[PDB]
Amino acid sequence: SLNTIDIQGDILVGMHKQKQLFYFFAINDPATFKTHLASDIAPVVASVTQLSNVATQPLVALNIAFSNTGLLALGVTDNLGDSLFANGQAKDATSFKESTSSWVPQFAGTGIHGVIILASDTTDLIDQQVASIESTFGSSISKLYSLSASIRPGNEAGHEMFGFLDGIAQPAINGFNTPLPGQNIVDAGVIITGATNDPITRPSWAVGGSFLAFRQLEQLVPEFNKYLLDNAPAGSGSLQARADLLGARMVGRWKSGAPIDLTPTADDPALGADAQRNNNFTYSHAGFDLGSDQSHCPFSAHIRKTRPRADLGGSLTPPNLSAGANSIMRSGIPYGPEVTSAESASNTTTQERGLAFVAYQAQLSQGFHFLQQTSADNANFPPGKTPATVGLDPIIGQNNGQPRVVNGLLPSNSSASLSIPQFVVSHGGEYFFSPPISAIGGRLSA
């Protein structure tokens, strides 16, 4: 019953283009905006069906999403069923132990009405599409802010700015995806509003959409690299190899993608590259106490925080299916320049770079907001551990600018604690609703 022809492609497939632009806009003269929304945008919005087929990847892939104030600007006063969306991300900031005082000023408010996501293999093609939009909409659309993003170059293609292969793990949608070994399998309504087993009643025109949580997350890459070298556990290999082990313990995967739960002391690049094997784990190991054993993967490791698997019950053998309702689909892409020679040499960031983080979910409170607040920022999550104080997620965990206490990272002693400065700095973002395609030229243009 999942009508993928009507679902925007970034939600379930991803744009998978070299370059992306996030174009954050305001609406003036809504009657004019609406005419062009229907005539100029709706026909070129890329669907899941379109992106699922090579023969039909468009030259420029385009998606569009609206904030609460953007829907209101279009005269849409309906309750979409999500209080977090309605209130906007700025009002949610304190839930994550940050302040909007640190944000890009355009995000610290509700002036942004929407985002157009443009993706293409060159920036020139994106620019041409933006020029076309500005030409036909005229002054009815106004750019408030934008952020350019790119797949990283060379041997870092598909890796985020710290160097780790990204985009490996996603929930499988039951009835749509063919699940990979170890992959969680969830009802479509966890991700798509109004789809199977979404318990929240939605406006009819909104069935087939998703909520988009956007975060501009700066990464302090030279600082991270230097921290790992300075805190590398003693051992037989090179200093860099031991630093790499510590980084892998923090993320829960080696940079190659190999999950540490399956290879806890050394990388396995072949495993990392193999989608049939690189997700096939639950954190359980026969003969080890799940509640205390951190020898395979720390309880505080990023991926263990964000998908706890057996830490939240369910099958000890793959696939673990726990906490399906707390799943998110991720379509983030790195932004900013590569690390420059001088920054690396000084172990100091000068230019801003990071992750243009994008999460899709049908309930913000169950997805992004939950994972940040209840897990990453919670020293006592996952529950039931010994010792009980897991500490914060070393990658994304926040405590109002203070160093984060993170336990279990050191293989030699699970009781050893590290106090870690932030390596990821929030510059804010917004919550949007990516409508079904039918609503774009339909209700939203009416």
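The first residue of the shown sequence is 1; numbering continues from there.
Asker: Comparing 121-129 with 333-341, where is the mean C-alpha B-factor higher?
Answerer: Stretch with the higher mean C-alpha B-factor: 121-129.
Asker: Test of understanding: from the entry's C-alpha B-factors, which stretch has the higher mean, 97-105 or 206-214?
Answerer: Result: 97-105.
Asker: Highest recorded C-alpha temperature factor, please, choosing from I395, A388, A46, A65.
Answerer: Of the candidates given, the C-alpha B-factor peaks at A388.
Asker: Checking the entry, which one of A232, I192, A90, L71 has the top C-alpha B factor?
Answerer: Of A232, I192, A90, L71, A232 has the highest C-alpha B-factor.
Asker: Thinking about Cα B factors across the chain, which third does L418 belong to?
Answerer: Within its chain, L418 is a highest-third residue by C-alpha B-factor, going by the deposited values.
Asker: Which third of the chain holds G163 when residues are ordered by C-alpha B factor: lowest, middle or highest?
Answerer: For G163, the deposited C-alpha B-factor lands in the lowest third.
Asker: Grab the CA temperature factor for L220 from the record and place it in the lowest, middle or highest third of its chain.
Answerer: Within its chain, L220 is a lowest-third residue by C-alpha B-factor, going by the deposited values.
Asker: Is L409 in the lowest, middle or highest third of its chain when residues are ranked by C-alpha B-factor?
Answerer: For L409, the deposited C-alpha B-factor lands in the lowest third.
Asker: By the record's CA B-factor, is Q351 among the lowest, middle or highest third of residues in the chain?
Answerer: Ranked within chain, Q351 CA B lands in the middle tercile.
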